[PDB]
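> Data: structure.cif, mmCIF, C-alpha atoms.
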data_start
#
loop_
_atom_site.label_atom_id
_atom_site.label_comp_id
_atom_site.auth_asym_id
_atom_site.auth_seq_id
_atom_site.Cartn_x
_atom_site.Cartn_y
_atom_site.Cartn_z
CA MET A 1 196.97 105.21 136.12
CA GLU A 2 199.24 103.62 133.51
CA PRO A 3 198.10 102.25 130.13
CA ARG A 4 199.38 98.73 130.83
CA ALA A 5 197.65 98.79 134.23
CA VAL A 6 194.34 99.88 132.69
CA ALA A 7 194.68 97.25 129.95
CA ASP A 8 195.30 94.51 132.52
CA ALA A 9 192.32 95.79 134.50
CA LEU A 10 190.09 95.55 131.42
CA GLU A 11 191.46 92.06 130.69
CA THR A 12 191.05 90.59 134.20
CA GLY A 13 188.54 92.78 136.01
CA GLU A 14 184.97 92.94 137.24
CA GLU A 15 182.25 95.45 136.37
CA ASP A 16 183.09 98.28 138.77
CA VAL A 17 186.90 98.22 138.60
CA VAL A 18 187.12 98.59 134.82
CA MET A 19 184.76 101.57 134.90
CA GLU A 20 186.66 103.15 137.79
CA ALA A 21 189.96 102.71 135.93
CA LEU A 22 188.58 104.19 132.70
CA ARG A 23 187.02 107.04 134.70
CA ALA A 24 190.30 107.84 136.46
CA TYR A 25 192.15 107.69 133.14
CA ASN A 26 189.66 110.01 131.42
CA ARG A 27 189.72 112.49 134.31
CA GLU A 28 193.53 112.55 134.39
CA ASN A 29 194.05 112.43 130.60
CA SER A 30 191.23 114.69 129.39
CA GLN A 31 193.89 117.30 128.54
CA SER A 32 196.47 115.02 126.91
CA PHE A 33 196.61 114.19 123.20
CA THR A 34 200.34 113.34 123.12
CA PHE A 35 201.83 110.16 124.56
CA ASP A 36 205.34 108.90 125.25
CA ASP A 37 206.54 106.39 122.65
CA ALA A 38 207.31 103.77 125.32
CA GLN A 39 203.88 102.32 126.18
CA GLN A 40 202.95 101.80 122.52
CA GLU A 41 202.39 98.03 122.70
CA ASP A 42 200.25 98.39 125.83
CA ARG A 43 198.24 101.16 124.16
CA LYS A 44 197.71 98.99 121.08
CA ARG A 45 196.57 96.07 123.24
CA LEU A 46 194.16 98.35 125.12
CA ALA A 47 192.85 99.72 121.82
CA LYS A 48 192.27 96.23 120.41
CA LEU A 49 190.47 95.21 123.61
CA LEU A 50 188.27 98.31 123.42
CA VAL A 51 187.49 97.57 119.77
CA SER A 52 186.59 93.98 120.63
CA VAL A 53 184.24 95.22 123.36
CA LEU A 54 182.76 97.83 121.00
CA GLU A 55 182.04 95.33 118.21
CA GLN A 56 180.47 93.04 120.82
CA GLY A 57 178.12 95.72 122.14
CA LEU A 58 178.24 98.31 124.92
CA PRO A 59 175.57 98.51 127.64
CA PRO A 60 173.48 101.70 127.55
CA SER A 61 174.71 102.63 131.04
CA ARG A 62 178.42 102.60 130.04
CA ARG A 63 179.01 104.57 126.84
CA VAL A 64 179.95 108.19 127.60
CA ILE A 65 182.90 107.06 129.72
CA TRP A 66 183.75 104.44 127.08
CA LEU A 67 183.60 106.53 123.89
CA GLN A 68 185.52 109.40 125.50
CA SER A 69 188.14 106.84 126.54
CA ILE A 70 188.25 105.66 122.93
CA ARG A 71 188.66 109.31 121.95
CA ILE A 72 191.74 109.50 124.18
CA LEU A 73 193.12 106.48 122.33
CA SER A 74 192.05 108.00 119.01
CA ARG A 75 194.69 110.68 119.70
CA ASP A 76 197.40 108.08 118.93
CA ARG A 77 198.27 107.42 115.29
CA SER A 78 199.72 104.01 116.17
CA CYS A 79 196.50 102.85 117.86
CA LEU A 80 194.46 104.60 115.15
CA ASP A 81 194.46 101.55 112.85
CA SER A 82 193.14 99.34 115.66
CA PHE A 83 189.89 101.35 115.68
CA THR A 84 189.52 101.64 111.88
CA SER A 85 187.42 98.58 111.06
CA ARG A 86 184.04 98.09 109.43
CA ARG A 87 182.39 96.68 112.56
CA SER A 88 183.84 99.45 114.74
CA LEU A 89 182.64 102.19 112.39
CA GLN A 90 179.22 100.52 112.18
CA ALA A 91 179.03 100.55 115.98
CA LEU A 92 180.12 104.20 116.08
CA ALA A 93 177.53 105.18 113.46
CA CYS A 94 174.85 103.30 115.42
CA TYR A 95 175.84 105.09 118.63
CA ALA A 96 175.90 108.39 116.71
CA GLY A 97 172.51 107.65 115.16
CA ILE A 98 173.82 108.00 111.59
CA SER A 99 173.83 104.31 110.63
CA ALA A 100 171.28 103.11 108.08
CA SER A 101 170.51 100.03 110.20
CA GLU A 102 165.71 103.90 120.22
CA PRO A 103 166.64 106.58 122.76
CA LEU A 104 169.73 108.72 122.25
CA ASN A 105 171.96 110.43 124.80
CA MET A 106 173.32 113.71 123.46
CA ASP A 107 176.65 113.16 125.22
CA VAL A 108 176.91 109.74 123.54
CA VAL A 109 176.10 111.32 120.17
CA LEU A 110 178.65 114.11 120.68
CA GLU A 111 181.43 111.71 121.70
CA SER A 112 180.64 109.41 118.77
CA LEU A 113 180.79 112.37 116.38
CA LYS A 114 184.10 113.50 117.90
CA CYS A 115 185.58 110.02 117.51
CA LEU A 116 184.32 109.76 113.92
CA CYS A 117 185.79 113.15 113.01
CA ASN A 118 189.11 112.22 114.61
CA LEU A 119 189.21 108.92 112.71
CA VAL A 120 188.26 110.45 109.35
CA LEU A 121 190.71 113.34 109.71
CA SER A 122 193.56 110.95 110.60
CA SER A 123 192.89 107.74 108.61
CA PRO A 124 192.30 107.33 104.86
CA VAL A 125 190.97 103.86 105.68
CA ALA A 126 188.47 105.46 108.06
CA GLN A 127 187.38 108.06 105.52
CA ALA A 128 186.95 105.37 102.85
CA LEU A 129 184.94 103.21 105.26
CA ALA A 130 182.73 106.21 106.00
CA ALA A 131 182.35 106.77 102.25
CA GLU A 132 181.33 103.13 101.79
CA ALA A 133 178.90 103.17 104.72
CA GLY A 134 177.04 106.17 103.30
CA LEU A 135 176.88 108.10 106.57
CA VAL A 136 176.62 111.33 104.55
CA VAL A 137 172.98 110.54 103.72
CA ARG A 138 171.81 110.39 107.34
CA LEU A 139 174.12 113.29 108.25
CA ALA A 140 172.44 115.44 105.60
CA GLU A 141 169.03 114.26 106.83
CA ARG A 142 169.81 115.26 110.42
CA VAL A 143 171.18 118.62 109.24
CA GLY A 144 168.18 119.33 107.00
CA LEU A 145 165.81 118.58 109.85
CA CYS A 146 166.74 121.94 111.42
CA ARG A 147 163.15 122.96 112.22
CA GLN A 148 161.76 120.31 114.56
CA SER A 149 165.40 119.47 115.41
CA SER A 150 166.22 120.88 118.85
CA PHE A 151 169.66 119.24 118.81
CA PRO A 152 172.38 121.09 120.74
CA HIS A 153 174.96 123.36 119.17
CA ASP A 154 177.71 120.82 119.83
CA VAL A 155 175.90 118.07 117.93
CA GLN A 156 175.02 120.38 115.03
CA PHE A 157 178.54 121.83 114.81
CA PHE A 158 180.20 118.42 114.85
CA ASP A 159 177.76 117.10 112.25
CA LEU A 160 178.82 120.02 110.06
CA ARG A 161 182.49 119.32 110.81
CA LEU A 162 182.07 115.65 109.87
CA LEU A 163 180.39 116.74 106.63
CA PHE A 164 183.33 119.08 105.98
CA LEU A 165 185.84 116.27 106.56
CA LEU A 166 183.91 113.82 104.37
CA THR A 167 183.46 116.30 101.51
CA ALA A 168 187.10 117.47 101.66
CA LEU A 169 188.71 114.01 101.68
CA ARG A 170 186.27 111.87 99.64
CA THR A 171 185.39 113.12 96.16
CA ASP A 172 182.71 110.44 95.83
CA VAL A 173 180.98 111.64 99.01
CA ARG A 174 181.38 115.22 97.77
CA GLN A 175 179.67 114.40 94.47
CA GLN A 176 176.97 112.31 96.17
CA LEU A 177 176.08 115.23 98.45
CA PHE A 178 175.94 117.62 95.48
CA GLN A 179 174.14 115.59 92.79
CA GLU A 180 172.11 112.82 94.45
CA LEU A 181 171.07 114.44 97.74
CA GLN A 182 170.91 118.00 96.30
CA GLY A 183 172.84 119.20 99.34
CA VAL A 184 173.20 122.71 97.92
CA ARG A 185 169.58 123.62 98.66
CA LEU A 186 169.71 121.84 102.03
CA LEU A 187 172.77 123.78 103.16
CA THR A 188 171.34 127.04 101.79
CA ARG A 189 168.19 126.44 103.86
CA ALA A 190 170.31 125.60 106.91
CA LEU A 191 172.31 128.81 106.48
CA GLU A 192 169.12 130.86 106.05
CA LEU A 193 167.73 129.36 109.25
CA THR A 194 171.04 129.94 111.05
CA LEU A 195 170.91 133.65 110.17
CA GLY A 196 167.17 134.10 110.76
CA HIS A 197 167.52 140.18 110.75
CA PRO A 198 169.73 140.12 113.86
CA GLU A 199 172.41 142.79 114.08
CA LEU A 200 175.09 140.58 115.66
CA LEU A 201 175.69 136.86 115.16
CA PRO A 202 176.16 134.69 118.28
CA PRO A 203 179.34 132.59 118.61
CA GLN A 204 177.52 129.27 118.19
CA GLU A 205 175.66 130.48 115.10
CA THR A 206 178.93 131.93 113.77
CA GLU A 207 180.71 128.58 114.14
CA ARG A 208 177.81 126.72 112.52
CA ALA A 209 177.56 129.22 109.66
CA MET A 210 181.30 129.03 108.97
CA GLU A 211 181.10 125.23 108.95
CA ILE A 212 178.17 125.42 106.52
CA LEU A 213 180.18 127.76 104.30
CA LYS A 214 183.15 125.38 104.41
CA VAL A 215 180.98 122.41 103.40
CA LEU A 216 179.42 124.47 100.60
CA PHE A 217 182.89 125.47 99.39
CA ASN A 218 183.91 121.80 99.46
CA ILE A 219 180.87 120.69 97.45
CA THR A 220 180.56 123.69 95.08
CA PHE A 221 183.76 124.57 93.21
CA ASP A 222 184.12 121.94 90.47
CA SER A 223 180.54 120.63 90.18
CA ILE A 224 178.83 123.64 88.54
CA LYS A 225 178.86 123.85 84.75
CA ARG A 226 179.20 127.11 82.83
CA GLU A 227 175.49 127.17 81.92
CA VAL A 228 172.88 126.46 84.61
CA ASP A 229 169.11 126.05 84.57
CA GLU A 230 166.40 128.27 86.05
CA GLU A 231 165.97 126.33 89.31
CA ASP A 232 169.71 126.16 89.97
CA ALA A 233 170.01 129.85 89.07
CA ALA A 234 167.28 130.81 91.55
CA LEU A 235 168.84 128.64 94.26
CA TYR A 236 172.25 130.23 93.68
CA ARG A 237 170.63 133.68 93.74
CA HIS A 238 169.06 132.91 97.12
CA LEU A 239 172.44 131.66 98.35
CA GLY A 240 174.04 134.85 97.04
CA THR A 241 171.46 136.96 98.87
CA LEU A 242 172.28 135.04 102.06
CA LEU A 243 176.00 135.60 101.45
CA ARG A 244 175.39 139.32 100.85
CA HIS A 245 173.54 139.42 104.17
CA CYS A 246 176.56 137.68 105.74
CA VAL A 247 179.01 140.19 104.23
CA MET A 248 176.88 143.02 105.64
CA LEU A 249 176.60 141.10 108.94
CA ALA A 250 178.99 141.32 111.89
CA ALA A 251 179.94 138.26 113.94
CA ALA A 252 180.64 138.34 117.66
CA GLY A 253 183.98 137.35 119.14
CA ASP A 254 185.93 139.22 116.44
CA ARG A 255 185.23 136.47 113.90
CA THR A 256 183.56 138.81 111.39
CA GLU A 257 186.65 138.88 109.16
CA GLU A 258 186.84 135.07 109.12
CA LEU A 259 183.12 134.82 108.35
CA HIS A 260 183.48 137.35 105.52
CA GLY A 261 186.46 135.40 104.20
CA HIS A 262 184.51 132.15 104.13
CA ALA A 263 181.50 133.84 102.51
CA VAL A 264 183.71 135.44 99.84
CA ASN A 265 185.47 132.13 99.15
CA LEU A 266 182.03 130.58 98.65
CA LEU A 267 181.03 133.48 96.38
CA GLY A 268 184.15 132.88 94.28
CA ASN A 269 182.75 129.55 93.04
CA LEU A 270 179.19 130.63 92.20
CA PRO A 271 178.21 131.23 88.56
CA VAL A 272 179.14 134.74 87.46
CA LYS A 273 175.57 135.57 86.43
CA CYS A 274 174.38 134.69 89.94
CA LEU A 275 176.56 137.59 91.15
CA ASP A 276 173.76 139.96 90.07
CA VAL A 277 172.37 139.79 93.63
CA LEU A 278 175.43 141.61 94.98
CA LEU A 279 173.98 144.85 93.55
CA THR A 280 170.24 144.59 94.27
CA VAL A 281 174.47 154.74 94.03
CA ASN A 282 173.92 151.70 96.28
CA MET A 283 177.40 150.15 96.42
CA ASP A 284 177.58 149.29 100.12
CA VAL A 285 178.24 145.59 99.50
CA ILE A 286 180.97 146.47 96.99
CA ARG A 287 182.47 148.89 99.52
CA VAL A 288 182.55 146.19 102.20
CA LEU A 289 184.16 143.78 99.72
CA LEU A 290 186.77 146.37 98.73
CA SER A 291 187.59 147.08 102.39
CA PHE A 292 187.86 143.34 103.01
CA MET A 293 190.30 143.04 100.11
CA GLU A 294 192.31 146.03 101.33
CA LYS A 295 192.58 144.45 104.79
CA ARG A 296 193.46 141.02 103.36
CA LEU A 297 196.28 142.56 101.31
CA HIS A 298 198.32 142.66 104.54
CA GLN A 299 198.64 138.86 104.48
CA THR A 300 201.99 137.75 103.03
CA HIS A 301 202.20 134.02 103.79
CA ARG A 302 198.59 133.20 102.82
CA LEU A 303 198.20 136.10 100.39
CA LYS A 304 196.96 133.91 97.53
CA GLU A 305 194.25 132.05 99.44
CA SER A 306 193.39 135.33 101.19
CA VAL A 307 192.88 137.70 98.24
CA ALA A 308 192.29 135.50 95.17
CA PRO A 309 188.54 134.85 95.72
CA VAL A 310 187.69 138.47 96.56
CA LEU A 311 189.71 139.76 93.61
CA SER A 312 187.99 137.27 91.30
CA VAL A 313 184.55 138.25 92.63
CA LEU A 314 185.27 141.95 92.14
CA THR A 315 186.65 141.23 88.66
CA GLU A 316 183.47 139.41 87.65
CA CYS A 317 181.36 142.18 89.19
CA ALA A 318 183.19 144.90 87.25
CA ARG A 319 182.99 142.79 84.09
CA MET A 320 179.22 142.22 84.34
CA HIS A 321 178.19 145.65 85.67
CA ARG A 322 179.18 149.00 84.16
CA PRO A 323 178.20 151.07 87.24
CA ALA A 324 180.16 148.72 89.50
CA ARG A 325 183.10 148.96 87.09
CA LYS A 326 182.97 152.77 87.18
CA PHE A 327 182.72 152.76 90.98
CA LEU A 328 185.69 150.42 91.40
CA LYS A 329 187.69 152.51 88.91
CA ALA A 330 186.90 155.70 90.85
CA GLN A 331 187.84 154.02 94.14
CA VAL A 332 191.02 152.25 92.96
CA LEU A 333 192.34 154.26 89.97
CA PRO A 334 191.56 157.96 90.50
CA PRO A 335 192.58 160.56 87.90
CA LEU A 336 196.30 161.18 88.28
CA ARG A 337 197.42 164.72 89.09
CA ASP A 338 201.22 164.31 89.35
CA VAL A 339 202.41 161.72 86.82
CA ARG A 340 205.97 161.85 88.15
CA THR A 341 205.49 158.97 90.60
CA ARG A 342 206.02 155.50 89.16
CA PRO A 343 203.18 152.97 89.54
CA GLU A 344 205.45 150.54 91.42
CA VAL A 345 206.60 153.25 93.88
CA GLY A 346 204.55 154.15 96.95
CA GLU A 347 202.33 152.60 99.60
CA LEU A 348 198.92 153.40 98.08
CA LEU A 349 196.43 150.73 97.04
CA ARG A 350 197.51 151.15 93.41
CA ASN A 351 201.17 150.72 94.36
CA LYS A 352 200.39 147.66 96.48
CA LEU A 353 198.45 146.05 93.62
CA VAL A 354 201.25 146.87 91.18
CA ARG A 355 203.79 145.24 93.50
CA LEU A 356 201.45 142.24 93.71
CA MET A 357 201.50 142.11 89.90
CA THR A 358 205.18 141.15 90.32
CA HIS A 359 204.47 138.57 93.04
CA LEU A 360 206.14 135.17 93.05
CA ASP A 361 202.79 133.47 92.30
CA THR A 362 201.76 133.67 88.64
CA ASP A 363 198.15 133.10 89.71
CA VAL A 364 198.24 136.20 91.92
CA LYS A 365 199.97 138.12 89.12
CA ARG A 366 197.36 137.16 86.52
CA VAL A 367 194.41 137.74 88.86
CA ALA A 368 195.62 141.23 89.82
CA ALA A 369 196.34 142.02 86.16
CA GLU A 370 192.88 140.92 85.00
CA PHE A 371 191.28 142.82 87.88
CA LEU A 372 193.07 146.06 87.00
CA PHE A 373 192.30 145.43 83.32
CA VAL A 374 188.54 145.08 83.79
CA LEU A 375 188.63 148.20 85.98
CA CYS A 376 190.00 150.26 83.06
CA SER A 377 186.92 149.28 80.99
CA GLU A 378 189.18 146.74 79.21
CA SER A 379 191.22 149.58 77.67
CA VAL A 380 194.78 148.55 76.77
CA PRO A 381 196.34 152.07 76.71
CA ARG A 382 194.65 152.99 80.00
CA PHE A 383 195.82 149.73 81.58
CA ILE A 384 199.39 150.31 80.40
CA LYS A 385 199.31 153.91 81.64
CA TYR A 386 198.04 152.97 85.11
CA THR A 387 200.19 149.84 85.59
CA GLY A 388 203.26 150.15 83.38
CA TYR A 389 204.87 147.80 80.88
CA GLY A 390 207.10 146.06 83.43
CA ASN A 391 203.98 144.95 85.33
CA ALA A 392 201.54 144.50 82.42
CA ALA A 393 203.86 142.31 80.33
CA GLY A 394 202.54 139.23 82.12
CA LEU A 395 198.96 139.99 81.10
CA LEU A 396 199.96 141.08 77.59
CA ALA A 397 201.87 137.84 76.98
CA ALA A 398 199.07 135.70 78.43
CA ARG A 399 196.60 136.82 75.74
#
Spit out the file's structure as structure tokens when you get a sec.


Amino acid sequence: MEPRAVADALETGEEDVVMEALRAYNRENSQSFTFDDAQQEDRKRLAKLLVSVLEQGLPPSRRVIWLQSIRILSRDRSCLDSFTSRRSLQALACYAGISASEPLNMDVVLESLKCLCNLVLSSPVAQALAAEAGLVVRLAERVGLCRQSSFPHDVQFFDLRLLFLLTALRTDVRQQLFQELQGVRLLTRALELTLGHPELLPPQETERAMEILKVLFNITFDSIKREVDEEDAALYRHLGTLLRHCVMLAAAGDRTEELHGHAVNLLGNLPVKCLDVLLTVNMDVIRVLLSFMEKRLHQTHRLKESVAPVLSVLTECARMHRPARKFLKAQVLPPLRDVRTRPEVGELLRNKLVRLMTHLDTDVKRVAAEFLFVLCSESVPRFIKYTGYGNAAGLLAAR
């Protein structure tokens, strides 16, 4: 019932009573991540006892109830440091099957992955220990299996989430997954196998694909040089074809906008040349991207992170393709009939973009200015006529 009671049971208790106490605690606290700051010493003692039992070795019959219990104690930042040790993380990686050093229960694997993700997300010591242990190698191996791997959606999704956490918090793990393991091709293959040409995407496949896109965004944004080779170019073109399929794909559960957002954020980091696959008149992909941008313009709090990647992608598309530039100019800047209305007055797309040119974020200002500049075929008088001096001064002073 109480943490001190369970800790005293685990200290002085037989085989059945400790398991019954942990079972009753897990059943009654499976929906509780917060704890009162009064039983903190008892919780720390229980956590240290559980860590001592974990480093010693758990019996194969008593793991699911144990790890889950640990998960309940992983929800406490005070007890968090009691679990973050090299021996404890080695035991967790061995129970998760990701240690470099036997049958496997999928519930055990899932609970171990949940505990590892909770520790890495909450402890820099835990994320550094995971970086030192090199769990990313075996994680990438298990993910790249994919074909003969009949692992459940929970295990796959939490492997992807652990990869996301490791590549977001540890730059060394991020670079090791990109350069040494060549994780770009592995994740591209995993995304291609996750998509299969189905009309709708299931919820499990949608979650897994969004996690793959997040990991790709974490590993590909500052690791690609300006000039690439033929193999990397072909791999990025295949990834761009997959992302174009995603943009033209709808996801179930009303997650299609989130999936398109993740795919566009991933597109925003690819080499500009590799954007040639967005066109292979036939501007359906560009129309979907423009509609996505027009819908994302309604965001005000997260406006930058919402519309910067799509605006950059459309800017690079209009810069590298004359037909795409003409199409975007015809769809955004039509020939003006009545020139009495100011560019900063109105609720049209042009007026919204002009108001965004005076946003509080200089990055948003410059991105919108460059986008509207490459739409006017890089014509200074046309850009000043469509936008106005009060809005184009930021771009004019930048160059």

> With the cut-off set at 9 Å and counting all atoms listed in the file, tabulate each residue of region 116-187 of chain A with an atom at most that distance from an atom of region 221-240 of chain A, showing the nearest atom pair and its distance in Å to one decimal, ordered by chain and increasing number, as CSV.


residue,atom,partner,partner_atom,distance
A:175,CA,A:223,CA,7.6
A:178,CA,A:223,CA,7.6
A:179,CA,A:223,CA,8.6
A:184,CA,A:235,CA,8.2
A:185,CA,A:235,CA,6.7

> Give the answer as one residue: which of A:388, A:40, A:158, A:370 has the shortest atom-to-atom distance to residue 342 (chain A), using only C-alpha atoms?

A:388

> When distances are computed from only C-alpha atoms, which of A:205, A:363, A:20, A:159 shows the smallest separation from residue 116 (chain A)?

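With only C-alpha atoms as the atom set, the closest residue is A:159.
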
> To test your reading of the syntax: which residues would the PyMOL selection byres ((chain A and resi 219) around 7) return for the file shown? Reply as a PyMOL selection string.

chain A and resi 167+174+178+215-218+220-221

> For the atom pair CA of residue 72 (chain A) and CA of residue 210 (chain A), what is the interatomic distance in Å to one decimal place?

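Distance reported for this atom pair: 26.9 Å.
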
> So how many Å separate CA of residue 378 (chain A) and CA of residue 319 (chain A), to one decimal?

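Taking CA of residue 378 (chain A) and CA of residue 319 (chain A), their separation equals 8.8 Å.
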
> Residues near residue 95 (chain A), anyone? I mean within 9 Å using all atoms listed in the file, not counting same-chain ones fewer than 2 positions away, as a PyMOL selection string.

chain A and resi 63+90-93+97-99+104+108-109+112

> With distances taken over only C-alpha atoms, which of A:29, A:312, A:52, A:256 is nearest to residue 10 (chain A)?

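So, comparing all the options, the nearest one is A:52.
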
> CA of residue 186 (chain A) and CA of residue 143 (chain A), how far apart in Å?

8.0 Å

> Taking the file as shown, find all residues satisfying the PyMOL selection byres ((chain A and resi 329-331) around 12) and write them as a ChimeraX atom specification.

/A:283,286-287,290-291,294,314-315,318-319,322-328,332-336,348-350,371-378,382-383,386

> Considering only C-alpha atoms, can you say which of A:43, A:153, A:147, A:23 comes closest to residue 8 (chain A)?

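Comparing A:43, A:153, A:147, A:23 against residue 8 (chain A), the winner is A:43.
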
> Check the smallest atom-to-atom distance from each of A:120, A:317, A:188, A:75 to residue 31 (chain A) using all atoms listed in the file, then report the winner.

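Ranked by minimum distance to residue 31 (chain A), first place goes to A:75.
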
> Looking at all atoms listed in the file, which of A:246, A:17, A:64, A:162 is the one that sits closest to residue 258 (chain A)?

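Checking each candidate against residue 258 (chain A), we get A:246 as the closest.
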
> If the PyMOL selection byres ((chain A and resi 84) around 10) is run on the structure shown, which residues does it catch, given as a VMD selection string?

chain A and resid 51 74 79 to 83 85 to 89 116 119 to 120 123 to 127 129

> Please output region 217-232 of chain A, rebuilt to include N, CA, C and O atoms, as a PDB file, in the frame of the given file.


ATOM      1  N   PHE A 217     181.686 125.275 100.196  1.00  0.00           N
ATOM      2  CA  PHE A 217     182.890 125.470  99.390  1.00  0.00           C
ATOM      3  C   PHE A 217     183.461 124.130  98.944  1.00  0.00           C
ATOM      4  O   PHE A 217     183.955 124.002  97.818  1.00  0.00           O
ATOM      5  N   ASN A 218     183.400 123.119  99.816  1.00  0.00           N
ATOM      6  CA  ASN A 218     183.910 121.800  99.460  1.00  0.00           C
ATOM      7  C   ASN A 218     183.052 121.118  98.407  1.00  0.00           C
ATOM      8  O   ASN A 218     183.573 120.350  97.591  1.00  0.00           O
ATOM      9  N   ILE A 219     181.742 121.369  98.405  1.00  0.00           N
ATOM     10  CA  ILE A 219     180.870 120.690  97.450  1.00  0.00           C
ATOM     11  C   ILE A 219     180.605 121.507  96.190  1.00  0.00           C
ATOM     12  O   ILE A 219     180.172 120.939  95.177  1.00  0.00           O
ATOM     13  N   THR A 220     180.841 122.816  96.218  1.00  0.00           N
ATOM     14  CA  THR A 220     180.560 123.690  95.080  1.00  0.00           C
ATOM     15  C   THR A 220     181.847 124.435  94.717  1.00  0.00           C
ATOM     16  O   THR A 220     182.152 125.482  95.296  1.00  0.00           O
ATOM     17  N   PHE A 221     182.596 123.889  93.759  1.00  0.00           N
ATOM     18  CA  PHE A 221     183.760 124.570  93.210  1.00  0.00           C
ATOM     19  C   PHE A 221     184.161 123.943  91.884  1.00  0.00           C
ATOM     20  O   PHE A 221     184.771 124.599  91.034  1.00  0.00           O
ATOM     21  N   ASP A 222     183.815 122.666  91.698  1.00  0.00           N
ATOM     22  CA  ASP A 222     184.120 121.940  90.470  1.00  0.00           C
ATOM     23  C   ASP A 222     182.937 121.114  89.992  1.00  0.00           C
ATOM     24  O   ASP A 222     183.105 120.229  89.147  1.00  0.00           O
ATOM     25  N   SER A 223     181.743 121.384  90.516  1.00  0.00           N
ATOM     26  CA  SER A 223     180.540 120.630  90.180  1.00  0.00           C
ATOM     27  C   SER A 223     179.493 121.468  89.468  1.00  0.00           C
ATOM     28  O   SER A 223     178.415 120.948  89.157  1.00  0.00           O
ATOM     29  N   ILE A 224     179.770 122.740  89.202  1.00  0.00           N
ATOM     30  CA  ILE A 224     178.830 123.640  88.540  1.00  0.00           C
ATOM     31  C   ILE A 224     179.338 123.910  87.135  1.00  0.00           C
ATOM     32  O   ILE A 224     180.464 124.391  86.955  1.00  0.00           O
ATOM     33  N   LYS A 225     178.510 123.604  86.139  1.00  0.00           N
ATOM     34  CA  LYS A 225     178.860 123.850  84.750  1.00  0.00           C
ATOM     35  C   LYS A 225     178.821 125.345  84.448  1.00  0.00           C
ATOM     36  O   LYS A 225     178.433 126.169  85.281  1.00  0.00           O
ATOM     37  N   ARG A 226     179.232 125.703  83.229  1.00  0.00           N
ATOM     38  CA  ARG A 226     179.200 127.110  82.830  1.00  0.00           C
ATOM     39  C   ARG A 226     177.770 127.610  82.700  1.00  0.00           C
ATOM     40  O   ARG A 226     177.450 128.711  83.162  1.00  0.00           O
ATOM     41  N   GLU A 227     176.897 126.820  82.084  1.00  0.00           N
ATOM     42  CA  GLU A 227     175.490 127.170  81.920  1.00  0.00           C
ATOM     43  C   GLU A 227     174.649 126.380  82.913  1.00  0.00           C
ATOM     44  O   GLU A 227     174.801 125.158  83.027  1.00  0.00           O
ATOM     45  N   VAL A 228     173.765 127.075  83.624  1.00  0.00           N
ATOM     46  CA  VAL A 228     172.880 126.460  84.610  1.00  0.00           C
ATOM     47  C   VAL A 228     171.438 126.665  84.166  1.00  0.00           C
ATOM     48  O   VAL A 228     171.146 127.418  83.236  1.00  0.00           O
ATOM     49  N   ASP A 229     170.531 125.976  84.853  1.00  0.00           N
ATOM     50  CA  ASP A 229     169.110 126.050  84.570  1.00  0.00           C
ATOM     51  C   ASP A 229     168.445 127.087  85.477  1.00  0.00           C
ATOM     52  O   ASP A 229     169.090 127.731  86.308  1.00  0.00           O
ATOM     53  N   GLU A 230     167.128 127.238  85.318  1.00  0.00           N
ATOM     54  CA  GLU A 230     166.400 128.270  86.050  1.00  0.00           C
ATOM     55  C   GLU A 230     166.332 127.958  87.544  1.00  0.00           C
ATOM     56  O   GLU A 230     166.509 128.852  88.378  1.00  0.00           O
ATOM     57  N   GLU A 231     166.068 126.698  87.900  1.00  0.00           N
ATOM     58  CA  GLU A 231     165.970 126.330  89.310  1.00  0.00           C
ATOM     59  C   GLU A 231     167.309 126.490  90.016  1.00  0.00           C
ATOM     60  O   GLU A 231     167.383 127.049  91.118  1.00  0.00           O
ATOM     61  N   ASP A 232     168.383 125.999  89.394  1.00  0.00           N
ATOM     62  CA  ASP A 232     169.710 126.160  89.970  1.00  0.00           C
ATOM     63  C   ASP A 232     170.099 127.630  90.051  1.00  0.00           C
ATOM     64  O   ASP A 232     170.738 128.060  91.019  1.00  0.00           O
TER      65      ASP A 232
END
